[PDB]
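Below is one structure, written out as structure tokens; comments come after it.
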Amino acid sequence: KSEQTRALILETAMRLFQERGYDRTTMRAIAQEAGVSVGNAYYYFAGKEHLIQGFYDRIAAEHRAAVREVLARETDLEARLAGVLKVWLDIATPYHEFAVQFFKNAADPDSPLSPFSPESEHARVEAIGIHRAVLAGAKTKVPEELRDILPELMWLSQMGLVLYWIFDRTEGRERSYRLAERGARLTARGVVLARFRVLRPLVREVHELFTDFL
Amino acid sequence: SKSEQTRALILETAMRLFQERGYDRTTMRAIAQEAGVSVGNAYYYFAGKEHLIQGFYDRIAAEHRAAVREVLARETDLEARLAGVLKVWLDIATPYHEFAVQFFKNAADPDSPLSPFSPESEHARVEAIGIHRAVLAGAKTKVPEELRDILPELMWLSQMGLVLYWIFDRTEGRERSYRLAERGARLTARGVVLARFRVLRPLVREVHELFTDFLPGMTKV
């Protein structure tokens with residue numbers, strides 16, 4: 001079933017370039033290993049970057065499941081965000097050597113692979129969604145002026161943290177997981193401060209700036 | 001001039017190579033043979049690929065620092081000073097965009113001497129931050145004492161925030177970036193003015209602490 005032999009191929013490719021490198025991995029090897037003509041392989045994915053898309057997509061959706069447990073017993077913002085970023089890290093863990101090799105492909109600004117490209121759109125909206133979940137259900141006061149962009153800013157933090165995590169050479173990535181924690185604490189205090197009357201000017205400013213930009 | 005022209009010749013060649021070959025797979029050897037000098041003669045100016053990048057970073061900081069001379073003489077509003085400075089930075093970076101797009105995957109690594117944040121880039125960094133000090137010093141808006149070091153450094157962080165956006169910007173003149181330097185200069189100059197109140201300063205301290213802990217190159221706590 002197309003919808004089903006599709007996920008077969010995504011899977012054989014995902015494991016293939018993990019073992020080999022995105023670069024020296026051909027559609028043809030993927031087809032061969034998959035039991036599927038080269039032409040079929042291209043039918044489900046028009047070349048190698050569309051598999052990465054489907055991998056991002058796949059990773060986003062896995063992330064979104066493992067945060068059931070965390071969103072279930074954390075009420076306040078900080079603990080919500082922090083767990084979600086930790087859960088992210090936990091499921092990225094096995095893909096880390098791949099992310100380091102793959103980094104130089106995805107880090108090409110003008111490549112579809114870049115998480116900021118238009119191809120990656122479906123995966124951004126997806127991931128921002130989680131950041132919608134983290135606050136929309138956080139029993140912690142959040143000013144209206146901010147409610148509309150925090151998602152996006154939090155998502156940005158998360159890309160910061162991905163970048164940092166590719167290059168974190170500490171044991172088991174201790175430091176990244178620290179960064180998520182500090183990042184969440186810092187975000188959370190920003191919002192509390194945001195409630196302070198004297199600097200709604202400032203909160204307006206960043207509301208505007210954040211509604212304009214990619 | 002043969003000596004200064006060779007200096008620059010090496011530098012431009014190496015950069016074009018890193019840009020098409022990629023930095024990992026360019027050697028001193030290959031650069032020297034592409035410029036058409038002795039490898040000896042190339043090392044004489046740049047002790048290795050890393051010093052070459054530092055050469056790129058230094059050149060560009062000085063350029064920016066020369067170019068800022070007017071804005072920072074005419075403008076007395078902090079915003080407008082920051083505005084101009086950041087904009088002039090864009091004018092100056094503008095030739096190196098395709099370079100930066102290609103070299104971003106090497107310098108992004110904060111554990112690498114290639115990184116702006118590295119102890120190896122100290123010189124270009126201090127010179128760059130020094131510009132944010134003078135943006136501050138000669139602004140009409142006066143500025144808190146306990147924040148006097150952390151602000152120039154946060155402003156330099158934004159600049160890097162801006163460099164990163166610029167790299168990823170695909171719009172025409174990179175005009176979207178020019179619009180960010182302008183809108184970001186606004187938020188920031190409001191940010192500093194507003195840090196005159198005491199409610200805000202801890203968050204300023206704490207943001208400068210997150211960066212100084214997790215990235216090399218900022219002043220200790």
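With ideal geometry, Cβ positions are generated from the backbone for all residues, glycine too; neighbour counts draw on all protein chains shown. FYI, it's all coordinate maths here, none of it is from the lab.
Against the criterion of being more than 16 Å from the chain's Cα centre (by Cα), crowded, with 19+ Cβ neighbours inside 10 Å and at negative phi, A:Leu81 does not qualify. Scanning segment A:160-214 for residues that are of a type in the set (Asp, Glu) and under 17 Å from B:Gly191 (Cβ atoms) returns A:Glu205, A:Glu208. Scanning segment B:95-113 for residues that are more than 10 Å from chain A (Cβ to nearest Cβ) and within 21 Å of A:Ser176 (Cα to Cα) turns up B:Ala107, B:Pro113.
Would you check if A:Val142 is among the β-branched types (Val, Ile, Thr) and farther than 27 Å from A:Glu174 by Cα? It is true that A:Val142 is among the β-branched types (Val, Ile, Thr) and farther than 27 Å from A:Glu174 by Cα. Residue check: is A:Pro118 part of a loop (DSSP other than H, G, I, E, B) and surrounded by fewer than 20 Cβ atoms within 10 Å (Cβ to Cβ)? It is true that A:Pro118 is part of a loop (DSSP other than H, G, I, E, B) and surrounded by fewer than 20 Cβ atoms within 10 Å (Cβ to Cβ).
All conditions but one from (1) in contact with a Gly (Cβ under 9 Å, 6 or more places away or on another chain); (2) assigned to a loop (DSSP other than H, G, I, E, B) apply to A:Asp108; the one that does not is (1).
Could you give me the residue pairs with C-beta distances under 6 Å whose first residue belongs to segment A:129-142 and is small (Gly, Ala, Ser), whose second residue is in a helix (DSSP H, G or I) wherever it lies, and which are 6+ apart or on separate chains? The qualifying pairs are A:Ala138/A:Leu77; A:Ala138/A:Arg80.
Total residues in segment A:162-187 satisfying the condition of being hydrophobic (A, V, I, L, M, F, W, C) and at the interface with another protein chain (Cβ under 10 Å from one of its Cβ atoms): the figure is 5. Within segment B:178-187, at least one residue is under 21 Å from B:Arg74 (Cβ atoms) and of a type in the set (A, V, I, L, M, F, W, C). Selection over segment B:127-150 of residues that are loosely packed, with under 15 Cβ neighbours inside 10 Å and either of a type in the set (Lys, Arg) or not in a loop (DSSP other than H, G, I, E, B) (or both) gives a count of 7.
All conditions in (1) surrounded by 15 or more Cβ atoms within 10 Å (Cβ to Cβ); (2) facing chain B (nearest Cβ under 10 Å); (3) among the charged types (D, E, K, R) hold for A:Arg124, with the sole exception of (2).
From the set of residues in segment B:1-18 that are part of a helix (DSSP H, G or I) and more than 12 Å from B:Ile31 (Cα to Cα), which is farthest from the chain's Cα centre (by Cα)? Filtering first and then ranking leaves B:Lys2. Residues in segment B:188-204 that are more than 9 Å from chain A (Cβ to nearest Cβ) and more than 20 Å from B:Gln159 (Cβ to Cβ): B:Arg196, B:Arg198, B:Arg201. The number of residues in segment B:112-147 that are charged (D, E, K, R) and either under 13 Å from B:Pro216 (Cα atoms) or in contact with a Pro (Cβ under 9 Å, 6 or more places away or on another chain) (or both) comes to 4. Residues in segment B:59-74: is at least one over 24 Å from B:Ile129 (Cα atoms) and buried (at least 18 other Cβ atoms within 10 Å of the Cβ)? Scanning segment B:59-74 turns up no residue that is over 24 Å from B:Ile129 (Cα atoms) and buried (at least 18 other Cβ atoms within 10 Å of the Cβ). Taken over segment B:19-41, the criterion of being part of a helix (DSSP H, G or I), aliphatic (A, V, I, L, M) and over 25 Å from the mean Cα position of the chain (by Cα) is satisfied by B:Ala30, B:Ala32, B:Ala35, B:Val39.
Among the residues making up segment B:160-215, those that are assigned to a loop (DSSP other than H, G, I, E, B) and either touching a residue at least 40 places away in the same chain (Cβ under 8 Å) or surrounded by fewer than 17 Cβ atoms within 10 Å (Cβ to Cβ) (or both) are B:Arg170, B:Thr171, B:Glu172, B:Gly173, B:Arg174, B:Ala195, B:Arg196, B:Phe197, B:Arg198, B:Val199, B:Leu215.
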